[PDB]
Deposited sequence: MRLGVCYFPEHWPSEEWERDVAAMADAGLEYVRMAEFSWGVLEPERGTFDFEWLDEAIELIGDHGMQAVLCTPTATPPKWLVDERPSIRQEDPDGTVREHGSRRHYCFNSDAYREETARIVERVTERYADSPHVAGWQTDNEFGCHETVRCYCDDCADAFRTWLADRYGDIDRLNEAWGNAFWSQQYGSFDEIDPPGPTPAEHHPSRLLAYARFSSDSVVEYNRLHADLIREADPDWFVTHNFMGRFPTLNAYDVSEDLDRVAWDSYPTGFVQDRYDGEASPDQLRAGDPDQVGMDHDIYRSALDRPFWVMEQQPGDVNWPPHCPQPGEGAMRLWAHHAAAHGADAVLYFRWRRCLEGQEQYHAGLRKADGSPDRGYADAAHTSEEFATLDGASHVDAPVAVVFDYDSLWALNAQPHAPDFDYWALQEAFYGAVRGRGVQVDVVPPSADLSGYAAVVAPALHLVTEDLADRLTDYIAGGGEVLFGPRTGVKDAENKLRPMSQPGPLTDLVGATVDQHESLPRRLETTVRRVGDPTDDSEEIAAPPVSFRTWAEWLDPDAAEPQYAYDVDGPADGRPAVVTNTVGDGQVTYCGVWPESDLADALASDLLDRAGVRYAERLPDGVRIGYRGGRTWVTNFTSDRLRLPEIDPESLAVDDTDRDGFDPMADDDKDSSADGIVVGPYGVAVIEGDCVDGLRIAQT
């Protein structure tokens, strides 16, 4: 709908200021976000303040018809503050303090930093509460980036001890809940508990999961401090945060419980590089992967059951990934329309102009170093016009749900049982099989209500609380069916095994138990056939069908030969399928298409690997991350978003096509 850009008047002289806001008006960007790293300029020394620049900045943003979203400067305390109160910095487990010289050099549990966040944010919000045309506020900047969610300092130790006391009540319930008899790891009292440090072997899984939950909850409380004082300033303002893609350390659900709108930063070409399982391909090197960006879009939309923003959007070549080839022609228009299809009503590009200045010189902006426009500006203008023309897009609703569980993520990160195992890649297999049929997908936590969904897929439900278990049993008994992936129903809320066999509380919600599991180097032939041969990847679980009906068996020809691999069971009205195998493309597509068959939804035929389509409101969007070409027959030119006989429409490389009418179709 609306577009924007992340501006930094801090770096540029004030002569360029109004001409640049004028260009930002020319492009059609109705939002401008600044003041992230402006603490050092505002307070050069303690007691001295320099607000006026931002005032004029806001003025010009309001002079040209855009509303500016401001942010707390907490991400970068200046050097005088760090030298003044060194206790604010964090420590990694062996105790080395993460110094100044970059961003994110503070600890979420140091009461000192709480005091001075209070001071600085109080003074910056009271300057702007009622009068000016600021739109809302965003918390610090990318909470927990550079692995700053978990600190092992002594302030975190005290916070950990009281968090533990609050969770468990007394020491004996902790010892029996984690079960500390193995390797005589019982705690005599809560003080005897230290944040995990260097030790000869692995750390206790319940201990590590407790510390992960503790770190994420610490940052949730810090964010609530932020949001409390922001709401204190002006009741109309929204509070929001910019999260990151494929980020494991911060539970965005609970922190989003404290805000009004959700935002995140997407850089497709960079994240397709970061050992996205397998070698990043050229078209991926220039456009990214539609499914990684898409799952992040869905996870941040379904946070509040409301549309989201993308607070930072890749403008061109960036600096952090190993290589950064030039993205394809119109890749930014492509990403904007991708986010718009996935639910974003605002897309703000980072940044306005390439910074000549810091350790991000190799990060482009919508403008060059000259003040000349970069490719980002042109594509931003084009997507602006098309966003205007296509309607006041509604909030998508997904018929299918995938349950994303940060606790399962952390617990398996602690115990992968394979070097090539990754929760992100598993959820990606299942979710991308569902999206390869063309549906809109919702990814949610166990907290959400599973009613109102045709089908649900739970690739990893590692820890199953029994309330969650009977909720799913009643959903499958009364409503649609479910597809569970491998490694679900293994541990409890305390990351502990059950006296029963896998999948514990779900064992009767499926037709089988699990004899045992094995982890496989991806060097062995790993196939399944149906009881045609498809291959699976990295993981196998032998199914003991006690209730009923194996579907796929192992043609692996090892010691698991001929044993059930996939299973189905019809408990009452509605079904349940269990996949004890990490499926490759074909098997996952078969499972997805069949579950979609069972739930009367309108899956399109197998869309190509770099082609994704989504129905928002009434219109439907086809985003082409492939650089070849696409041709959809069966649809004549009545499309709203088109580029500059009736044989369909042709969607060029990195192009979008918005069409109305919720299709069941194929293409190229």
Ranges of the deposited sequence (numbered from 1) for which no C-alpha atom is modelled = 532 to 543, 657 to 672, 697 to 700
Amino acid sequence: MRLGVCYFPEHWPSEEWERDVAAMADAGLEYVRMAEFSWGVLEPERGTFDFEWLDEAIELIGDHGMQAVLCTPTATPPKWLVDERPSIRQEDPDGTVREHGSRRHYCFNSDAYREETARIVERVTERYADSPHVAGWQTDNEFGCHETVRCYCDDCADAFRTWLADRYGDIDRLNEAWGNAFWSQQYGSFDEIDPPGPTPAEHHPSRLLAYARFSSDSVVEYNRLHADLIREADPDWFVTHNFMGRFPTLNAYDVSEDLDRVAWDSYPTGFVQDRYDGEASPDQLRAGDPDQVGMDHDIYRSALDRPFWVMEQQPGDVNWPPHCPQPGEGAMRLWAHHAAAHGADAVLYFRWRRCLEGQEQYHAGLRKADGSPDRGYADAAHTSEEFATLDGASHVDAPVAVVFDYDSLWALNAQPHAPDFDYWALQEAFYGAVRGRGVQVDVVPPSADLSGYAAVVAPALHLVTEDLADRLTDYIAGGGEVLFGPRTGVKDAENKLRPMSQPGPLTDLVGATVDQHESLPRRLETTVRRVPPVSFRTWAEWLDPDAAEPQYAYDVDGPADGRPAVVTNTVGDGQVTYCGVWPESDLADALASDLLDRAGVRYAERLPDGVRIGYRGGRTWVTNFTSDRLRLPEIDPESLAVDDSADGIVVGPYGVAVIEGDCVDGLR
From here on, numbers count along this sequence of modelled residues.
Could you check which stretch, 85 to 93 or 551 to 559, carries the larger mean CA temperature factor in the entry?
-> 551 to 559
Should the higher mean CA B-factor in the entry be assigned to 581 to 589 or to 117 to 125?
-> 117 to 125
Which one, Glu518, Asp407, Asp155, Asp277, has the peak C-alpha temperature factor per the PDB entry?
-> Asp277
Report the option among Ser447, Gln359, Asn251, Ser189 whose CA atom has the maximum B-factor in the deposited record.
-> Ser447
Lowest, middle or highest third - CA B-factor, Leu70 | middle
Once the chain's modelled residues are ordered by C-alpha B factor and cut into thirds, is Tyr603 in the lowest, middle or highest one?
-> highest
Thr513 CA temperature factor, ranked by third within the chain = middle
Lowest, middle or highest third: where is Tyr615 by C-alpha B factor in its chain?
-> highest
Which third, lowest, middle or highest, does the CA B-factor of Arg523 fall in along this chain?
-> lowest
